[PDB]
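Chemist:
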Amino acid sequence: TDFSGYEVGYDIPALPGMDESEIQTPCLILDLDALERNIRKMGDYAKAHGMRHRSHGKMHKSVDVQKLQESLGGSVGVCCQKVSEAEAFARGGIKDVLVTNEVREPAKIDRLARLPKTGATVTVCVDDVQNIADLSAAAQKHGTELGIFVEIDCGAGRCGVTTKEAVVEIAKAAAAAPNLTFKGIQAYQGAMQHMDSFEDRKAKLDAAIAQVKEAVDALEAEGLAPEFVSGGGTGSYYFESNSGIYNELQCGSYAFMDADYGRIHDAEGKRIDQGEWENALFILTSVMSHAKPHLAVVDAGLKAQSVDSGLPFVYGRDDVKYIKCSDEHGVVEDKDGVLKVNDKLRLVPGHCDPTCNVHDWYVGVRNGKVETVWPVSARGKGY
Amino acid sequence: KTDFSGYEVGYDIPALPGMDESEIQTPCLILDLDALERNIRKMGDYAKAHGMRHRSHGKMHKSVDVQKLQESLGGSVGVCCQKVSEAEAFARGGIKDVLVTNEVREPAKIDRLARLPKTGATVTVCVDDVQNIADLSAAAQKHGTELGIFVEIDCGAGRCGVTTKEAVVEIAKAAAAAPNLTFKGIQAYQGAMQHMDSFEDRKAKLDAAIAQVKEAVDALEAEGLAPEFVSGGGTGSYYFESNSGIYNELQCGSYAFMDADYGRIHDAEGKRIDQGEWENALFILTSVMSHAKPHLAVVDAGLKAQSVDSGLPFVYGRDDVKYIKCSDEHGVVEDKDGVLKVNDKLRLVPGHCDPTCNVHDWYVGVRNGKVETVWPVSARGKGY
Ligand SMILES: *Cc1c(COP(=O)(O)O)cnc(C)c1O
Ligand SMILES: *Cc1c(COP(=O)(O)O)cnc(C)c1O
Ligand SMILES: [Mg+2]
Ligand SMILES: [Mg+2]
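First to last, the sequence lines map onto chains B and A.
If you count the first sequence from 1, position 297 lands on 301 in the authors' numbering, and the numbers rise without skipping.
If you count the second sequence from 1, position 151 lands on 154 in the authors' numbering, and the numbers rise without skipping.
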């Protein structure tokens, strides 16, 4: 780990060995103990249910976190939303990459078809039979093999096909196409993941499972039984795991957590951040103005995070409240005037994935010290 | 100059100079260089016609190259920066006059601030707490540099700054007395009113801010601390500061690029300011990557390619399709006529330019269908 050329407080927030009080704000810290407990717990859950877990790299965009998910959580590989992101993971040594998305632009397809030359195994999703010919041609050009998932729109309304006939058509084309292998089904119900009610989420996944089952049966009737039936997120994984239809999970956010996931309820009606998953990702911020008696202004505003899923909150205390932000300022209510200039706070971000994607580093803290500083390997890699 | 050898199109840069616009990799940010230059000239000409300095705000674009264009074509007198690390990026890029339009309190940040004049930059910083003066002076003394001081007034935005003329005078006196500091004037930015729809509502808010600033100027003058600069103003207010007789420096930022949330506010003729006053120069370029449903297209620019803090982007230059939804790596475009095909490209006007610029590392400057420039977002992610 050589950080030569970097400058703390200019292009990196900290270096291994620093005390946490020396970290430059605003930045992202990882509670390494809690991260590791989250990773172990999901890996144990998947194993106990006979499920593969392909950890989702779109969330943290970090080769180092993915390697920890593989070593400590038994993750079988990484999921990626974009080809450039996939390539960042493959260049970092990740050996099994699933692009949980469609790739259609010719230069993107060419880059995808080259990726296996890194030594990584590569699978991609398809929702348009016309895409098969392009992928096959590119794989033939580079002398590579690509795996194919057919993506089913099982309720999220994004990409994917909506009938079992469409699924069979794409799978048949994949099987017949040179240098492609039909590997199974992508069916991620992303739209239901943040419903507060466990029973509501169960009902949505019940419907997805029934649709996926019709597709599995149609494929089996054609001699194209899907090796993998892959999906599931931090708000649903128990349902895919109990289904006997899915055999691979794609959970991402559980490792870090955020406020929007944290507030949804488990089967007992308890917030999932109050027992199921721990907060491991925080924005560290400093108070930099307090001219009014009961308002503190901190240095983490919009550009240090996102607000697509609401505001962050101050972690570990309930006497102050993050209520507003502009681009480079956050306004924290301080009704008892207990915050002072240069005090530090930890914020749980509203939404982990976009927050991670506006930073270049994670400061991994343990026992009050900076133990690791990990690059956000795939930040901004949306091509 | 930029060295592109470390980068790779389609992996960590969207394009290279000389490419055809059809070859640009999506999602990315493009700048219509003609429109950008017309916006920059127009603001510069407006400022000069009103005898105002314009200090272009670098927090918006975070680009040394755009700032240099604002100086060369718009007559910008210098840059505004919101954070010390952003200021360091601009000073290291050769920008000669840097105002940090924010307070700097953390000791290591102050130490970094105090070294910035060694780049050749003149450096000014804002103060809203008299106790900050001693820390700034100590660092400047330690490193043999000079720092200028603006006292920040909360003139209605309710962010940083002080709210009494007595507090202003106290800070200014301390700056004047402190070694290696010089009291340079007032920071008074009414950011909260900038996006009110009604020009009349905006005028009234700035009337109140001007009155408060004038009282502070009067109090300073009575103490022998007349402010050399009285600086503020944004893209939604600049005509008020420019006709106030009190402000002498503007800090407009967004006008150069524009976005949807600014574009929708109305001018004194009841028109959207993006329908006459300022042109759209910043676009998100995006490709259709799925069309499995007959009347929906999915594009490759979602939340991670922009922001939604100020609402959705919109499709520019056509009326037959509509960006209605986005997830992290997808945008959903209504296509009720079924005219969009996979790999078609669309230009989106971002909802909010500043946060959108801060999630990308490059601007693809296009002119006459070609990539003329590829400029780095010099200060992306520099929030320290
Ligand atoms: C983002 C994503 C996941 C992981 O989702 P979480 O809700 O973050 O756990 C899984 N599958 C796909 C296809 C995704 O896009
Ligand atoms: C952002 C900002 C400006 C410029 O704002 P626009 O509304 O984008 O033109 C000016 N002054 C300060 C202090 C700012 O923070
Ligand atoms: Mg998410
Ligand atoms: Mg703005």
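From the three backbone atoms N, C-alpha and C, an ideal C-beta is built for every residue, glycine too.
How long is the line joining the alpha carbons of A:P17 and B:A300, rounded to whole angstroms?
Modeler: Against the second sequence, residue 17 of chain A aligns to sequence position 14. Against the first sequence, residue 300 of chain B aligns to sequence position 296. Distance between the alpha carbons of A:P17 and B:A300 is about 40 Å.
Chemist: Does ligand 1 have a heavy atom nearer than 6 Å to the CB of A:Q190?
Modeler: Stepping through the second sequence from its first residue, residue 190 of chain A is reached at position 187. No, Cβ of A:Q190 sits at least 6 Å from all heavy atoms of ligand 1.
Chemist: Could you say which of B:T167, B:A160, B:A181 and B:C31 lies nearest to residue 444 of chain B if we only look at CA atoms?
Modeler: Since the displayed chain B opens at 5 and closes at 387, residue 444 of chain B lies outside it and no answer follows.
Chemist: Within the structure, which residues are defined as neighbours of ligand 1 by a Cβ-heavy atom distance below 5 Å, reported in chain order?
Modeler: For ligand 1, the selected residues are B:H60, B:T104, B:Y192, B:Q197, B:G237, B:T238, B:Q254, B:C255, B:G256 and B:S257.
Chemist: If you count every other CB in all the chains shown that lies within 10 Å of the CB of B:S25, and 16 or more means buried, which is it?
Modeler: Start at 1 with the first residue of the first sequence, and residue 25 of chain B comes out as number 21. So B:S25 ends up on the exposed side.
Chemist: Out of B:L288, B:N246, B:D114 and B:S293, which one is the CA nearest neighbour of B:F317?
Modeler: Residue numbering aside, residue 317 of chain B sits at position 313 when the first sequence is read from its first letter. The option with the nearest alpha carbon to B:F317 is B:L288.
Chemist: Does ligand 6 have a heavy atom nearer than 6 Å to the CB of A:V369?
Modeler: For the structure depicted, ligand 6 is absent and the ligand set comprises only ligand 1, ligand 2, ligand 3 and ligand 4.
Chemist: Using the C-alpha atoms, what's the distance from B:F243 back to B:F202?
Modeler: Here the question's residue 202 of chain B lines up with position 198 in the first sequence. Here the question's residue 243 of chain B lines up with position 239 in the first sequence. Roughly 10 Å between the two C-alpha positions.
Chemist: Which first and last residues belong to the beta strand (DSSP E) in which B:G235 is found?
Modeler: Here residue 235 of chain B is taken as the residue at index 231 of the first sequence, counted from 1. Run containing B:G235: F232 to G235, per the beta strand (DSSP E) assignment.
Chemist: So, for A:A308: in the same chain, excluding its five sequence neighbours on each side, which residues have a beta-carbon less than 7 Å away from its beta-carbon?
Modeler: By 1-based counting over the second sequence, the position of residue 308 of chain A is 305. Same-chain partners within the cutoff: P30, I287 and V362.
Chemist: Would you grab the beta carbon distance between B:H198 and B:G164 for me? Rounded to a whole angstrom, and I think it's under 8 Å.
Modeler: The residue given as residue 198 of chain B occupies position 194 in the first sequence. The residue given as residue 164 of chain B occupies position 160 in the first sequence. 19 Å between Cβ atoms; not a contact.
Chemist: What residues are listed by DSSP as bridge partners for B:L351?
Modeler: Numbered from 1 along the first sequence, position 347 holds the residue referred to as residue 351 of chain B. Answer by DSSP bridge pairing, in chain order: B:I287 and B:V318.
Chemist: From which residue to which residue does the beta strand (DSSP E) around A:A300 run?
Modeler: Position 297 of the second sequence, counting from 1, holds the residue named residue 300 of chain A. Here the beta strand (DSSP E) through A:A300 covers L299 to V302.
Chemist: Quick check: does the Cβ of A:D48 come within less than 6 Å of any heavy atom belonging to ligand 3?
Modeler: Here residue 48 of chain A is taken as the residue at index 45 of the second sequence, counted from 1. No, the beta carbon of A:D48 sits no closer than 6 Å to any heavy atom of ligand 3.
Chemist: By the three-class DSSP mapping on this structure, what secondary structure does A:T127 have?
Modeler: Along the second sequence, read from residue 1 onward, the residue named residue 127 of chain A stands at position 124. Of the three classes helix, strand and coil, the one that applies to A:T127 here is strand, per DSSP.
Chemist: At least one CB of chain B closer than 7 Å to the CB of A:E332: is that the case?
Modeler: Within the second sequence, the letter at position 329 stands for residue 332 of chain A. By this cut-off, A:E332 is an interface position.
Chemist: Hey, would you say the C-beta of A:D312 is under 6 Å away from at least one heavy atom of ligand 4?
Modeler: Counting from one through the second sequence, the residue named residue 312 of chain A turns up at place 309. A:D312 Cβ: outside cutoff for every heavy atom of ligand 4.
Chemist: How is the beta strand (DSSP E) around B:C163 delimited, first residue to last?
Modeler: Along the first sequence, read from residue 1 onward, the residue named residue 163 of chain B stands at position 159. Looking at the DSSP string, B:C163 is not in any beta strand (DSSP E), and its letter there is neither H nor E.
Chemist: Over the uninterrupted alpha helix (DSSP H) stretch that includes B:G266, give me the two end residues.
Modeler: Taking the first residue of the first sequence as 1, we reach residue 266 of chain B at position 262. Taken as a continuous stretch (DSSP letters only), the alpha helix (DSSP H) holding B:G266 covers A263 to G266.
Chemist: Output needed in chain order: residues of the region 193-223 of chain B with a Cβ under 8 Å from some Cβ in chain A.
Modeler: Hits within the stretch, in order: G194.
Chemist: Taking a contact to mean a Cβ-Cβ separation below 7 Å, would you say B:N346 touches A:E109 in this structure?
Modeler: For this step, residue 346 of chain B is matched to residue 342 along the first sequence. For this step, residue 109 of chain A is matched to residue 106 along the second sequence. It is a contact, given that the beta carbons lie within the stated cut-off.
Chemist: How about A:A94 and A:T125: are their beta carbons less than 7 Å apart?
Modeler: Walking along the second sequence from the start, residue 94 of chain A turns up at place 91. Walking along the second sequence from the start, residue 125 of chain A turns up at place 122. Result no, Cβ atoms of A:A94 and A:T125 do not sit closer than 7 Å.
Chemist: Taking its Cβ as the centre, do 16 or more other Cβ atoms sit within 10 Å of A:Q28, making it buried, or is it exposed?
Modeler: Mapped onto the second sequence, residue 28 of chain A falls at position 25. Classification for A:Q28: buried.
Chemist: Under 7 Å between beta-carbons, which chain A residues line up against B:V301? List them in chain order, please.
Modeler: Stepping through the first sequence from its first residue, residue 301 of chain B is reached at position 297. By Cβ distance, chain A contributes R162 and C163.
Chemist: Whole-angstrom Cβ separation of A:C255 and A:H57, contact assumed at under 8 Å?
Modeler: What you label residue 255 of chain A is simply residue 252 of the second sequence in a count that begins at 1. What you label residue 57 of chain A is simply residue 54 of the second sequence in a count that begins at 1. 7 Å between Cβ atoms; contact.
Chemist: Give the straight-line distance between the Cα atoms of A:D331 and B:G78, rounded to the nearest whole angstrom.
Modeler: As a position in the second sequence, residue 331 of chain A is number 328, starting the count at 1. As a position in the first sequence, residue 78 of chain B is number 74, starting the count at 1. Approximately 26 Å between the Cα atoms of the pair.
Chemist: Within 10 angstroms of the Cβ of A:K274, are there 16 or more other Cβ atoms? Answer buried if so, exposed if not.
Modeler: On the second sequence, position 271 is the one that residue 274 of chain A refers to. Classification for A:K274: exposed.
Chemist: Is there at least one Cβ from chain A nearer than 7 Å to B:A18's Cβ?
Modeler: Working through the first sequence from its first residue, we reach residue 18 of chain B at position 14. Not one chain A Cβ lies under 7 Å of B:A18.
Chemist: Is the beta carbon of B:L253 closer than 7 Å to that of B:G227?
Modeler: Numbered from its first residue, the first sequence carries residue 227 of chain B at position 223. Numbered from its first residue, the first sequence carries residue 253 of chain B at position 249. No, Cβ-Cβ distance for B:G227 and B:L253 is not below 7 Å.
Chemist: For A:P297 versus B:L306, is the C-beta spacing smaller than 7 Å?
Modeler: Here residue 297 of chain A is taken as the residue at index 294 of the second sequence, counted from 1. Here residue 306 of chain B is taken as the residue at index 302 of the first sequence, counted from 1. No.
Chemist: So which residues of chain B does A:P230 contact, with C-beta pairs closer than 8 Å?
Modeler: Numbered from its first residue, the second sequence carries residue 230 of chain A at position 227. Simply none; closest approach about 19 Å.
Chemist: Does the Cβ of A:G97 have 16 or more other Cβ atoms within 10 Å, making it buried, or fewer, making it exposed?
Modeler: Translated into positions along the second sequence, residue 97 of chain A becomes position 94. Under this definition A:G97 is an exposed residue.
Chemist: In the DSSP output, what is B:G334 paired with across the bridge?
Modeler: For the purposes of this step, residue 334 of chain B is taken as the residue at position 330 of the first sequence. Beta-bridge pairing links B:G334 to B:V302 and B:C329.
Chemist: Nearest-angstrom Cα distance between A:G266 and A:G194?
Modeler: Residue mapping note: residue 266 of chain A aligns to position 263 of the second sequence, counting from 1. Residue mapping note: residue 194 of chain A aligns to position 191 of the second sequence, counting from 1. Their backbone Cα atoms lie some 16 Å apart in a straight line.
Chemist: Mind checking the region 298-322 of chain A against chain B and listing, in chain order, the residues whose C-beta falls within less than 9 Å of any C-beta there?
Modeler: Per Cβ criterion, the list reads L299, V301, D303, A304, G305, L306, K307, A308, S310, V311 and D312.
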